[PDB]
Every structure is written in structure tokens, then in C-alpha cells.
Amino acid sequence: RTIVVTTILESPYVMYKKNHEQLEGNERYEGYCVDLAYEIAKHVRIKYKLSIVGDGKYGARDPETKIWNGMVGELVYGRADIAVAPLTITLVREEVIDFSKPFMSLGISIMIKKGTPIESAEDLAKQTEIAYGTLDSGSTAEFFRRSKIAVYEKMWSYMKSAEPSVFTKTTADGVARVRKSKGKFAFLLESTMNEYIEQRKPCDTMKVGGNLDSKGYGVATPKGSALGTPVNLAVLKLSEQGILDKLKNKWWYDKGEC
């Protein structure tokens, strides 16, 4: 009856409101994905409750246990009805859950500290003075792991052997490390996050080059679900009324501090 929407803390998708400790239920949270979930639930006509996923992950299958973790896992095992999050639409995920058409478009991109002499992945690849890394798990790591393009294989071989580790746990962590490494560390992250951070004080980062790939985030539901179709048409309607553009502007640029 009250449907379970699994989500995850990630700025500016889902964040605690300033006085969250005095608040209850969905009121604790705000952000792009909270507003999206509200809009979708209005069109599909459902009451829902946002739940932060317990294990803090997006969704991968353990090669040993074959268990899906994260939000994908909550859907696969029947413990959530919908996931609304910056969940990258990937083939291994699409094989076990259903994604809506993308609510957001993006690509893997490069974050540098202002003044770093790097404009492209090719600049990074041909050197070692400036270190570079992805998140430890997620779709970006996986892009590099699986790539068969020369530049990207190089980069992956470099990252997978670099001492000490170039990979980081969270967006915050990768960003802190760009900001503290005096130009000697670039972070490979999705363009959406990169763009957001660039408009945040201290305004010492920038996105450089084009993106390395082209993909989307999708709202996810379990296979066979009766919410699949209405959720999909809901994303398209919202896209077509301009509401997805409006919410991106709201959370990325209306408040931009740079």
C-alpha cells in the first residue's frame, strides 16, 4: 500500500535537510531525487516512503555468492518497490531489474584542481606526475576495467597498480583529494557530480575535456512489477513538461556559489 522507495545519500540528489533530526519520514530529506520521487508518485498516484539503503551501495553482484547488493539488491529480493537515485543504466543491471528511460544524461569526466596542466584523458594517460583514480566500485571503475580502447586500457593498468591507492570510497573523498593534492591528483567521476562540485565553494575545481562516454540514470523497479510501465511514462511526461530540466537547474545552478 505505502510503497517502499529505496534511495541513498548523495549530494544534491538526496541530502538531509538542515533540521532533519527534528523531522520525520520523507520530510527528513531533500534534493533532486526527492523532488523526482514526489513528482513521479503524483503521476502514478501512490503513497510512498523513502528508505536509505542499509549497505550504502548502488548495485553489483558478488562473483562468489551471486548476491546482488545495494539498491539493485533491494529490488531484486523484493524489499523495495522502486529505486530513485543516480543509478547508472548499465547492461548487467538491466538484465536483472527494469529501468525507466533516462531522467538524466551524462558521462564519465575529469575533475582537476584549477591550474592543473590537463585537458583530456590522453593528457592523463601519457604521464604519472599527476595521479588519477575512480571510485573503488561503481560504473566508472567498470568502464575502465572492461574497456578495449587503447587510452583507457593504459589508464586502467596504471590505476590498478598505482601505489598508494588512487581509488576512493566516496565522491566527497575523491573531491577532498583533488583539493588537497596541490594539482597532483585528478578524479574520474560522472559529469553530473563534477558539474555540481564546480559550483560549490571554494570554487577550486573544474571539469575538463569532453566526456568519455554517454549514458543515463534511470529509475529502477523489479522485473514484472505493475509499477514499471507507469513509472516509465511518468519519467517521459516529466521530461516532456520540462520538469527534469527545471529540477536540474534548481539543484545544480540556481544556488551555484561560483
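Residues carry their position along the shown sequence, with the first being 1.
When the Cα temperature factors in the entry are averaged, is it 196-204 or 215-223 that ends up higher? Mean CA B-factor is higher for 196-204.
Mean temperature factor over C-alpha atoms, higher-scoring stretch between 235-243 and 19-27: Result of the comparison: 19-27.
Of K113, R146, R93, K101, which one's C-alpha B factor is largest in the deposited record? Of the options given, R146 has the highest CA B-factor in the PDB entry.
Looking at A83, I89, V166, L106, which has the highest CA B-factor as recorded? Top of the list by C-alpha B-factor: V166.
Hey, what third does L50 fall into on Cα B-factor, ranked over its chain? For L50, the deposited C-alpha B-factor lands in the middle third.
Third assignment of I130 from its chain's C-alpha B-factors: It falls in the top third of the chain.
Ranking every modelled residue in this chain by its Cα temperature factor as given in the entry, which third contains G56? Middle third.
Chain-relative CA temperature factor third for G70: It belongs to the lowest third of the chain when residues are ordered by C-alpha B-factor.
According to the PDB entry, is the CA B factor of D62 in the bottom, middle or top third of its chain, that is, lowest, middle or highest? It belongs to the highest third of the chain when residues are ordered by C-alpha B-factor.
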